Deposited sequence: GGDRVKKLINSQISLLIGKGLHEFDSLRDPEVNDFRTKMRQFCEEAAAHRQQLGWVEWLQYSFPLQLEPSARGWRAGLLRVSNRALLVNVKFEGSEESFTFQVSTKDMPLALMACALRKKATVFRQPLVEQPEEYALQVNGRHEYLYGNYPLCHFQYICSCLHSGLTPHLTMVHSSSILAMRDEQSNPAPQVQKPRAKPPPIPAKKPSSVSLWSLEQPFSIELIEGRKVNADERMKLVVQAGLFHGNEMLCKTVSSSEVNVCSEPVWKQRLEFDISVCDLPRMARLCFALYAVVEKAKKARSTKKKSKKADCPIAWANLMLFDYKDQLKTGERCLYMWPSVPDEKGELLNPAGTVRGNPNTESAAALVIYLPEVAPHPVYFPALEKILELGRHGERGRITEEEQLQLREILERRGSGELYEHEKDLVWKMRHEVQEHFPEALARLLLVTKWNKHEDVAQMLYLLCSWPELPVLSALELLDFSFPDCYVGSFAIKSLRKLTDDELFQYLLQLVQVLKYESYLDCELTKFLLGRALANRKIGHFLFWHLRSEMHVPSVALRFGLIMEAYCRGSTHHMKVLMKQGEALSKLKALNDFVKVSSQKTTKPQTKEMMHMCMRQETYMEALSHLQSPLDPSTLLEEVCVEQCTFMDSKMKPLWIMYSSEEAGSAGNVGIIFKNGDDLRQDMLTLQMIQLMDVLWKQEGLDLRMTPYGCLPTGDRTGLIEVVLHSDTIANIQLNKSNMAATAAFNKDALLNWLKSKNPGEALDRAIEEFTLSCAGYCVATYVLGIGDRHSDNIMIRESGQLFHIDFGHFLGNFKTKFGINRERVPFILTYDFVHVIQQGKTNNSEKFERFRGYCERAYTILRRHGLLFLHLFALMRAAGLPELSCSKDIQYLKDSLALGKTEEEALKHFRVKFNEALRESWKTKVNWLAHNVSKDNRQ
């Protein structure tokens, strides 16, 4: 009671919505979700409380491995022991396991402390200094993301030997405190009246209505009669749909659209015909409609929360029986579908099936053949499940029972196929459950890669308690990195009234499961409060006083006790492994752009060089599209690295955290092309020609022999971003949104416009980069053509995984991004990846675009 009331107020602050509002609804669906999901999450917290010390490391500090390891050389390593400032530098091989390194550290400890030790290497974990990152398991050193980054950057790994008893003390510290088919009457509803309708009084009001099973219409859309415009329109009329009440599928939704005629659209509404407990809905309903900016089937089945102004359509769902009618059980359904005649198929008719299954829209007579051959499909082409599901007649219960009988015997599908089955175009709760079963095999690394999309799938759900929510909640409770990000993906959409109820409930369920992680997340949101307040002080001050004056005004504001306490010693929302220890106030600043984004610098004494990190607080712009583009780029880099192609990419973090608010990870020792190209006086890189400025900057940052590898880092990262921006249609590319690292790595920032946005983005080649690739020479086709090979290679690797990109982009349509909503945007990708052509055909096409970019590049060399 004493702690439960505090935990409840902590949860409420964390999610920015009071838990009392959930109870004020008096909603049974909400209440049952809160009881059931708190049971599931506390069970998980208890399971975690007893975990072994190595399993607790797997929960808190999951391994960050290189993509090639997933599923030789000398190396200097510095190792200290927890509780001592003394350290030991020693040489190891890139192929040695952490155990060998730990055993070597223990021998070099026994020889200094003159004592034959009791502790063994098996009792220790290697922590990365000043990070929530560990090195454990049977993997060679080079296979870890930390050691791998240290070899490229030439840096020395600094590890700490943490004992098993210390790891177990962290676990203890973070403890949680103690029958339908008989009804053959046509489906009908009574459109009674409307409220708060704001429309043109010269026009008349109409109510269109469709019956949907996801994207497909169950029957033709019906329309209401015209009634003069006013705040309270009255109809009191019965609308009949060409479908039997027995034929209505389980996941069927009634979609409404209120509009004016002489074509101004006013509002929309949806609802499920079956409630969460499978009962057919009866009685009067008040539908608080959403404003339209015609019928919207993919829209939310929950009403508009603002009842103080939303227009409300009043409907009556008739009583089709004297008793409540529930949806038949799986046992009753499987028996109907179990009986299903099998006919013999011709060998000439079997050639037509194998061709269209491997070929993708179908013709009317081909669907007839796909359905007839459903049994041969299940047993020889099980990967064609989604084609068959689309040919099934969801408005004819005999077909649906027959399909579900095959589904329950269907072999498990590869992850790529399951991702397709999560699309709104497959709304059956059993299809969704078969897809989740096939996704259970996803590794925590694959899960995390597609986590963003899986969160958008939750918006397509028809009911609060679903298999996907339980799967995502179960994975978040067993891996703290997944839990961290799943929290921030939901927390960032709390300002959207259509998703606030579901996301606030899922966040509450997680907080029951991890009380310690709630405190860690609160500390992060508290920092975000102070950052918003400090960015507001800057947004105002910057437009009166000069940039250097506003900087010391910001620095004094940051030096207040409330700021110094809130902004220090927290986990980075961008990376849970990165600890943000001491704010370096004098190092902080802000951009002179419209939204004045804050650049907050941090340092750590325990972490050293790796502890010096930056975060950019952005308020005013929507960070969702950058986050998606960056994840897509990082996916391309994982795909390329899996084929042994490392193109030296820079997928920095970017996380939306609230309404037009979010963080971006600063990439240090990097500058924009525009700033290097300023060609300033008295500095190192000043050149005779501007085409040299960038190569002279690389020359000053990488002296002598370092330059040759800096040019190769540039070439590889160039080839990678040329392909990525081409495939993704990233336009609006200029010198101020292209940055380069002191290492030679080139990268892109400011991903506001992608997928052509409506024009087709060509392949781009800047001659300023071509000059760096050619090592400052006018003609160097040896180096230039290596670059063209790196490009062709990168492009062909991505095409082999084009379906993965298409399925992921299809799931992202749920997010509501203005430049990603319909098939028109997904078309840009099929064109850029040339997915309908053969490899030699698509490479030939790609070669033409690269040559066309080269002709465009010579138009600036000749000048």
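Positions of the deposited sequence absent from the coordinates, in order: 1-2, 74-82, 190-210, 295-310, 342-347, 414-416, 815-822, 929-940.
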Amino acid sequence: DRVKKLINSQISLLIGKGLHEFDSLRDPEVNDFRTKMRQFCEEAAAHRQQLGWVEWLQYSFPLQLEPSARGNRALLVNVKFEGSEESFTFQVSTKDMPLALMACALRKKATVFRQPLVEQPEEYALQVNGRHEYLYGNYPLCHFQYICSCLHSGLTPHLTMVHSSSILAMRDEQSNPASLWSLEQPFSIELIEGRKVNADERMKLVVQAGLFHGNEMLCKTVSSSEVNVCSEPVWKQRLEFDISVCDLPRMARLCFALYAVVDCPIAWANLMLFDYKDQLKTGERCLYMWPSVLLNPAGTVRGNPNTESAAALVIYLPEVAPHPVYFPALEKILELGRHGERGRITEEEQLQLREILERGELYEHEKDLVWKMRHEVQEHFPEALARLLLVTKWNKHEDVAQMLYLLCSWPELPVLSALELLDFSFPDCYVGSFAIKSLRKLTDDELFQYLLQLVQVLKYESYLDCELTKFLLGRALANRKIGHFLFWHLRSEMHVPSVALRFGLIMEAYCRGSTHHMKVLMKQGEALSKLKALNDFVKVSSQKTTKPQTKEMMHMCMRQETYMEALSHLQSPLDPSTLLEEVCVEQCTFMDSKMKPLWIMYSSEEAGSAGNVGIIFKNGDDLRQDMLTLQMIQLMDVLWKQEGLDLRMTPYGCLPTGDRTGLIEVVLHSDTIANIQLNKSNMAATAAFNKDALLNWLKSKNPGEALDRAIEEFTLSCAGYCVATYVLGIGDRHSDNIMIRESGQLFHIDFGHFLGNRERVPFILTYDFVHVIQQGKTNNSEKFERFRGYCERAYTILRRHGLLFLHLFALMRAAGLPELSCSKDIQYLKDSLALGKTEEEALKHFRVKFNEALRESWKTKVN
From here on, numbers count along this sequence of modelled residues.
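Definition used throughout: the rigid core is the maximal C-alpha set that superposes within 1.5 Å between two forms.
In a rigid core superposition of the other structures in 6 other deposited structures of this protein, 149-157 and 326-334 differ in how far their CA atoms stray, and the farther one is 149-157. For 821-829 versus 799-807, the mean Cα distance to the shown form in 6 other deposited structures of this protein after rigid core alignment is larger for 821-829. When the other compared entries with both flanking residues are checked, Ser231 is unmodelled in at least a third. Where the other entries of this protein model the residues before and after it, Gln49 is kept in all of them rather than dropped from a third. Note on 697-705 vs 361-369: mean CA B-factor is higher in 361-369. Of the two segments examined, 220-228 and 652-660, it is 220-228 that shows the higher average Cα temperature factor in the deposited entry. Taking the deposited Cα B-factors for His158, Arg475, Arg342, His734, the highest one is held by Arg342. In the deposited coordinates, the residue among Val496, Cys722, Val261, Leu422 with the greatest CA B-factor is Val261. Per the PDB record, residue ranking by Cα B-factor puts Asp32 in the middle third of the chain. Ranked by Cα temperature factor within the chain, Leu746 sits in the lowest third according to the deposited record. Remark: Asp825 belongs to the highest third of its chain, ranked by C-alpha B-factor as recorded. Remark: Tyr136 belongs to the lowest third of its chain, ranked by C-alpha B-factor as recorded. Ranked within its chain, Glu819 lands in the highest third, by CA B factor from the PDB record.
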